[PDB]
Amino acid sequence: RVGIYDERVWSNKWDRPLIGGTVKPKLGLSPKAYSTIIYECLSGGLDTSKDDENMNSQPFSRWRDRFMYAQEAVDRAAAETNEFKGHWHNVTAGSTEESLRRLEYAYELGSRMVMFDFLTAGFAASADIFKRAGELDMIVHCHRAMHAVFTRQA
Amino acid sequence: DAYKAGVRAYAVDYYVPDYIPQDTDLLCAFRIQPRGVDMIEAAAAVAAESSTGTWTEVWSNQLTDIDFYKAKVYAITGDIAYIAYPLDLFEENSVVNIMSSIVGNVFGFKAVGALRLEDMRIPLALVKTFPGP
Amino acid sequence: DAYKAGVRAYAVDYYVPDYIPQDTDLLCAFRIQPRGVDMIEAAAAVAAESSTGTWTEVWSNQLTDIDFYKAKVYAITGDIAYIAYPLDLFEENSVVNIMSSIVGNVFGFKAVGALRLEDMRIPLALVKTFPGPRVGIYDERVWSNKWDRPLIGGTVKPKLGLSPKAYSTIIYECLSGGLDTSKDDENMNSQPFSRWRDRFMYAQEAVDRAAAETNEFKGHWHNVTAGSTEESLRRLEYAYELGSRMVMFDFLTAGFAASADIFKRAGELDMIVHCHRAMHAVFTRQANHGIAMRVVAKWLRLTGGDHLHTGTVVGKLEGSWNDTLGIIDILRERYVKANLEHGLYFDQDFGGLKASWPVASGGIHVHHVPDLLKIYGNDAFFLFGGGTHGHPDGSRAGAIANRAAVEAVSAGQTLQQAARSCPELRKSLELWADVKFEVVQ
Amino acid sequence: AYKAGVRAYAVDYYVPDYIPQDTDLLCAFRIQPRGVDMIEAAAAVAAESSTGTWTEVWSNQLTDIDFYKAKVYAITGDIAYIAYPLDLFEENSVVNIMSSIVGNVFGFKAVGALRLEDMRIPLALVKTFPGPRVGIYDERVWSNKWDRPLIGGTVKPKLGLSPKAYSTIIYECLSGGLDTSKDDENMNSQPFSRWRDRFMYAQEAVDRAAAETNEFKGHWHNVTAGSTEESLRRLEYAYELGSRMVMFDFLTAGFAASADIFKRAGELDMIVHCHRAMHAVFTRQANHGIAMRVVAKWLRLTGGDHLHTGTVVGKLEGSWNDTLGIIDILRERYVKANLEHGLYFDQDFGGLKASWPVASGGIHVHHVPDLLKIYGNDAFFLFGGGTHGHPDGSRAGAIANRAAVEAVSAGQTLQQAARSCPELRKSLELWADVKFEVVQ
Ligand SMILES: O=C(O)[C@@](O)(COP(=O)(O)O)[C@H](O)[C@H](O)COP(=O)(O)O
Ligand SMILES: O=C(O)[C@@](O)(COP(=O)(O)O)[C@H](O)[C@H](O)COP(=O)(O)O
Ligand SMILES: [Mg+2]
Ligand SMILES: [Mg+2]
Ligand SMILES: [Mg+2]
């Protein structure tokens, strides 16, 4: 839907690589702590931040808390830098229906982008996720988790 | 100031041969072919990079209790590494989430030339969240 | 021909003192008053008629493995019967199903003159099927930016009879004056004197005004309790579209099933649900018959209430000190250890589910704050209804006093210290100095 | 007129000169005062269930407290009679009635025990409720069964049966002569019996047994579930299988969910059988709680088609004269006050349909004469153990229970009937010595 050129247009960023970063530690961070890191790293100069591929919804970080707090940080950091900022909320979930649900919430928070583990969820769910994101004018960042299980050995 | 920046071996914090697995842990049996590091180090990288860790120590590790959430290599018998994952690391009712952690990035690490997940003990408390047939 | 028709004693197959409870069993502690049969027989009937058995042997018992599915009286200590239920007996994610078996028919048996469920060990594998609270304690502190102190609220009074506009005037004054939240009375729903759309809308404008004017987060727990789950959802959604971040629900009078739909929807709508325990004393209060409140507390937290009334101890409503401490821990902690001094018969794992706010309410005033803080600490709500609107100078001044009292004690100072700088609080201290209630440990 | 501070509740809420009105909702409370005289304790109940609190609030001047307040208008010994103005109640909501009348007053330190014995729901409020969809008469019409009790039975063991085994028992007992069978109240959906399997297999059995007997047959599928939405789902599936009836644990699920379930079932032309699981937690002891008679009024108004009422003679507690009052509450248009039957007030039901009383629990063939004496024809008698506990199986047990009810219902005695029916002779022999206490 979006691709390279239109994202440069949406974000007004040209003639350089875009810079991002995964929040760490991979798991175990409260949604509020998560937002504090997202704030610090986007304010420091990152173009985007992202959930880890295995951050979905868990007892330590339920997806609605993390998404909401993360997008607050994005917007606080964008306004204070006068620069487009984004965080790739991970909508990967145990079913296509639930992934679409998480995508819809990210859209309503104002997010222009999400993250999706397209191989672990699968190409069938990916097709539906891409189609809805394109209707919601959103970027879908695709994480290739699991690929090395069959792409590694020659 | 528990924060010691820089790179350490994964085994410092992820190799715990004294760890006693609990009925709520998700257990994995991994067959490992190490490449350029110890068998213990190879196992500990698989454990770290499928739970809480990354390649260098992060200040943000002090914002949570790593020792609680981290995966633990509790046994190594030959080239089989037994790793335990706390229940809290997993989304309920989601094989997809299990995949994303256990087989998400660790099979492409340079420090392992080959990796095979042989088996997994899905704890009963996580089984009950699934519908089955 | 394993089928021996006719009546046998329940104990033949349900009294198993050698049984070793398993981590997956649901355990119950029952206080039994036998009537016309042995203590063992009484326990075995409770076990049988809440699991697999009936009054006479049925041929159909051979169609399944009774020894696997049957409940087991594995211990009897005095008049306390410990009974274990296999996990397979329960529907996942359903307190309603737990109720239907454990407290469904056994309290009306002729062979027991009195029965009281004291506690229940819900096994972790069944806990994990429940959602628990959406917001809970920590995230509500984040939403409202209120830390290191109890939060303070208060029921609008009089209970019934106030018009919607008069209600919002009281809400504005007590919020502006220092209360963090205000609430509908549990029996304010939609009545001729206050139809619910009128009350909801005026109350939320008072809320928004107070918050802007004070530069503090404020809220009002709109009561969405109604005669119908559908109607309750309609009132929750209206509260949402008004911009409310919170409502209340009489979860026991409406019912656990309804409560489940309501928590689910509130959670999708990013709203707090304050849970009022109206009706509970109909079965939680008498020590020899009924369901202990701690059990209700477990069921409420799993189902997903964000707040739960747990008593004052020192106010107008009955409640024991140590009993209240055990209920507090059940709602706030991850793992609770058995402690019979707090009425906890089993260790209870809550499996990472969010915590619920304990709520202290009913007949309390400024003088009770030191005790209430010793009981609850900071992670709780103290509600002052008459204690706010009973102030000689009105609701705003009562709020000033209560807020000044709670901030002071919570920081280490005394009501007497705080009173030096606050006249509103001196009047509250003076008015109710000799108003005390029975205190039981 | 605002005087701050604590005043006694009786100053404003003890009004022995008050004349109850036909619009007032009236309550009879049995009170055990604690640290206060009976009058103060009854005044506290009235205030804290209507307009009052523990201290005088300035906002009392913003409305008409004398108009909206409850009034303790009479005291007879340990019974306080309290009148509540109609305007205090939301229309068509038992939930609201409970919120006021039993909300908080049962936990006050100023009473050691409190029992709601009866409540007079004014006709103006009664007329806002739908009452049952089907009721007694139309069910006799739907099933073409007249001039006798209907006979049913719970499948046993309570839990642990495969859905297929379940269907085998339902087949045998309905074919043997039962009018209806039912899930146990705690059979919802479990690892041993998922609801879709059991419902589907159970309704197959119903239809096979109906066709082979040329008689209407039914099984009460239990749609009780952890949420109203899921219960509605199970109700919809039972409807699509062709079932004309379901079962619902109305108190454990709750009156809010019950209202939605009754409304959908009435749109789907289905009977809802209401199981009162949990009731004895607060209806048992005379000291404290809510009398079952009040629960019966609430259930009938909300729209339950059947309601378990006790056996008196079976394994569960229940006094004869009390059960007669509950029965009249469920079946009659106008109940007359009668303290021998525990009825403190006349109750008008405003032409709402009647609910079937349901006798169930620990009863067998020998109990049938007493049962009909208590209930007469318009009732269900339910034999669970008394059917599947037959020496020869569920079919023979149903044969016996059907013949014992048919016989007594006609005028014959058990032994007259028994001489023709050997299955009944075996039931009589097996359970001749099985008796429970009987309190009148
Ligand atoms: O109706 C009332 O009495 C209250 O509004 C208290 O008013 P005041 O503040 O004026 O007392 C609360 O609902 C009760 O505290 C409930 O009891 P509990 O908290 O025990 O459930
Ligand atoms: O679970 C039971 O015990 C029953 O199936 C009886 O089975 P049996 O026929 O085998 O005894 C009924 O649900 C109870 O009678 C309900 O009690 P009540 O009608 O008093 O509410
Ligand atoms: Mg990653
Ligand atoms: Mg109240
Ligand atoms: Mg039953």
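Residue labels used throughout are counted from 1 along each chain in written sequence order rather than taken from the entry, whose numbering may differ, and residues without coordinates are not included. Both sets of labels track the order of writing: A upward for chains, 1 upward for ligands. Taken from a larger assembly, the chains shown here are the sole basis for all values reported. Side-chain measures here rest on the full set of heavy atoms in the structure, leaving out hydrogens and waters.

As annotated in the PDB entry, chain D is Ribulose bisphosphate carboxylase large chain from Candidatus Promineofilum breve.

In the nomenclature of the PDB entry, chain C is known as Ribulose bisphosphate carboxylase large chain of Candidatus Promineofilum breve.

A.B. asks: Tell me about the overall build of chain C, residues and numbers included.
C.D. replies: Assigned secondary structure in chain C consists of 19 helices and 15 strands. Throughout, the radius of gyration refers to the C-alpha atoms, and the reference size of a globule is 2.2 Å times the residue count to the power 0.38. At 24 Å, chain C has a C-alpha radius of gyration in line with the 22 Å of a compact globule built from 441 residues. For chain C, the spread of C-alpha atoms along the three principal axes comes to 80 × 45 × 35 Å. Relative accessibility under 20% of the residue-type maximum defines a buried residue, over 50% an exposed one, and the middle range a partly exposed one, all with a 1.4 Å probe and only protein chains included. Expressed as a percentage of its 441 residues, the buried residues of chain C come to 71%. Counting every atom, chain C has about 13100 Å² of accessible surface; 47% of that belongs to carbon and sulfur. Only runs of H or I of at least four residues qualify as helices and only runs of E of at least two qualify as strands under DSSP, and these elements are numbered from the N terminus. Accessible areas in this description were obtained via Shrake-Rupley with a 1.4 Å probe; residue shielding takes into account the shown protein chains only.

A.B. asks: Give a detailed account of the pairing of strand β2 (residues 86-90) of chain A, specifying residues and quantitative values.
C.D. replies: Residues and elements named next belong to chain A. In terms of burial, β2 is largely enclosed, as five of its five residues are buried. Pairing of strand β1 (residues 48-50) with β2, which is carried by three bridges, proceeds in the parallel orientation. Bridging from a neighbouring strand, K50 pairs with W88 of β2. If DSSP finds at least two bridges between two strands, the strands pair. For β2 and strand β3 (residues 113-117), the ladder comprises two bridges, and the chain directions are parallel. Each bridged residue has a counterpart across the sheet, and for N90 the counterpart in β3 is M115. Of the crossover connections in this fold, the one passing from β2 over helix α4 (residues 96-108) to the parallel β3 is right-handed. Crossover handedness is defined by viewing with both strands directed away from the observer: a clockwise path from the first strand over the helix to the second marks the crossover as right-handed.

A.B. asks: Which residues make up a nonpolar patch on the surface, and what values go with them?
C.D. replies: Distance thresholds for patches are 9 Å for like charges and 5 Å for nonpolar side chains (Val, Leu, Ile, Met, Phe, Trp, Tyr), applied to residues having over 30% relative accessible area and no salt bridge. Any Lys or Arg side-chain nitrogen located within 4 Å of an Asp or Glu carboxyl oxygen qualifies as a salt bridge. Residues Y5, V9 and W14 of chain A make up a contiguous nonpolar surface patch of roughly 320 Å² in combined accessible area. Structurally, the position occupied by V9 of chain A is in helix α1 (residues 3-11).

A.B. asks: An account of the interface of chain D and chain C is requested, with residue identities and associated values reported.
C.D. replies: Taken together, the 112 residues of chain D in the interface contact 111 residues of chain C. Accessible area, probed at 1.4 Å, shrinks when two parts are joined; the buried area is that loss added up over both. Together chain D and chain C conceal approximately 8600 Å² of surface at their shared face, both sides included; 56% is due to carbon and sulfur atoms. Between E49 of chain C and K315 of chain D there is a salt bridge whose closest N-O contact spans 2.9 Å. N or O atoms within 3.5 Å of each other form a polar contact, as long as, within protein, one can give a hydrogen and the other can take it, and as long as residues adjacent in sequence are counted only when both atoms are side-chain atoms. The tally of links from chain D across to chain C stands at 75 residue pairs in polar contact. It is helix α11 (residues 255-267) of chain D that provides the largest number of residues to the side of chain D that touches chain C, a total of six residues. Each residue gets one of three labels, nonpolar for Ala, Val, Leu, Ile, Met, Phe, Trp, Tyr, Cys and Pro, charged for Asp, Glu, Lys and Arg, and polar for the others, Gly among them. Each residue belonging to the side of chain D that touches chain C can be placed in one class, and the counts come to 47 nonpolar, 45 polar and 20 charged. Note on definitions: a residue-residue contact is assigned when non-hydrogen atoms from the two residues lie within 4.5 Å.

A.B. asks: Residues and numbers for the sheet that holds strand β1 (residues 26-34) of chain C, please.
C.D. replies: Residue and element names in this part refer to chain C. Sheet architecture is open: five strands sit in the order β2-β3-β1-β4-β10, paired in mixed fashion. In this open sheet, the two edge strands, each paired with only one partner strand, are β2 (72-77) and β10 (290-291). Of the strand pairs in this sheet, β1 and strand β3 (residues 80-85) are connected by six bridges, and their pairing is antiparallel. What sits directly across from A29, in β3, is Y82. Across the sheet, helix α4 (residues 95-102) touches β1, β3 and β4 (112-121), and the angle it forms with β1 is around 35°. Each axis is a line fitted through C-alpha atoms, taken for helices only over the stretch in contact, and angles between the N-to-C directions span 0 to 180 degrees.

A.B. asks: Requested: an account of the coordination of the magnesium ion (ligand 4), with residues and values cited.
C.D. replies: Only N, O and S atoms count as donors, using a 2.8 Å limit from the metal and a wider 3.2 Å limit for Na, K and Ca, and since water is excluded some coordination spheres may look unfilled. Surrounding the magnesium ion (ligand 4) are the protein donor atoms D185 of chain C (OD) and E186 of chain C (OE), which sit 2.0 Å from the metal. Judged by its relative accessible area of 1%, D185 of chain C is buried.

A.B. asks: Which residues make up the packing of helix α7 (residues 164-177) of chain C against helix α17 (residues 395-411) of chain C, and what values go with them?
C.D. replies: All names here are of chain C. One way to put it is that α7 packs onto α17 with a least axis distance of 7 Å and a crossing angle of 30°. Classified by the angle their axes make, α7 and α17 are roughly parallel. Once α7 is placed against α17, the crossing between them reads as right-handed. For the pair α7 and α17, contact is made by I170, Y172, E173, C174, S176 and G177 and by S395, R396, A399 and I400, respectively. Oblique is the label for any angle not covered by the other classes, which are roughly parallel (under 35 degrees), roughly antiparallel (over 145) and roughly perpendicular (65 to 115). What makes a crossing left-handed is the near helix being turned counterclockwise from the far one by less than a right angle; a clockwise turn instead makes it right-handed.

A.B. asks: Summarise the packing of helix α15 (residues 369-376) of chain C against α17 of chain C; cite the residues concerned and give the values.
C.D. replies: All names here are of chain C. Orientation of α15 relative to α17, taken along the N-to-C sense of each, is 55°, at an axis distance of 10 Å. The orientation of α15 with respect to α17, classified from their angle, is oblique. The two elements α15 and α17 cross, and the hand of that crossing is right-handed. Side by side, α15 and α17 meet where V369, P370 and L373 of the first sit next to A405, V406, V409 and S410 of the second. Its residues placed into classes, the contact of α15 with α17 shows six nonpolar, one polar and no charged.

A.B. asks: Which residues make up the pattern of salt bridges, and what are the values?
C.D. replies: For the structure on display, the rule yields 99 salt bridges over all chains. Notably, a salt bridge pairs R235 of chain C with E231 of chain C, separated by 3.0 Å at the nearest N-O pair. With a gap of four residues between them, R235 of chain C and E231 of chain C both fall in helix α9 (residues 229-241), about one helical turn apart. Residue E231 of chain C is classed as buried on the basis of its relative accessible area of 18%. One salt bridge connects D179 of chain D with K145 of chain D, and the closest N-O pair in it is separated by 2.9 Å. In this pair, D179 of chain D sits in the loop between α7 (163-176) and β6 (180-182) while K145 of chain D sits in the loop between α6 (135-143) and β5 (150-152), placing the two residues 34 residues apart along the sequence.

A.B. asks: Can you lay out the packing of aromatic side chains for me, pointing to particular residues and giving the numbers?
C.D. replies: Any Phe, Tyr or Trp ring, taking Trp's six-membered ring, that has another such ring centre within 6.5 Å forms a pair; planes under 30 degrees apart are called stacked, those over 60 apart edge-to-face, and the others tilted. This model, assessed by the stated rule, comprises 43 aromatic pairs over all chains. An angle of 50° between the planes, with centres 5.4 Å apart, marks the rings of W55 of chain C and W431 of chain D as tilted. With one member in each of two chains, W55 of chain C in the loop between α2 (39-49) and α3 (66-69) and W431 of chain D in the segment after α19 (422-430) form a pair that bridges those chains. The exposure class of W431 of chain D is buried, given its relative accessible area of 0%.

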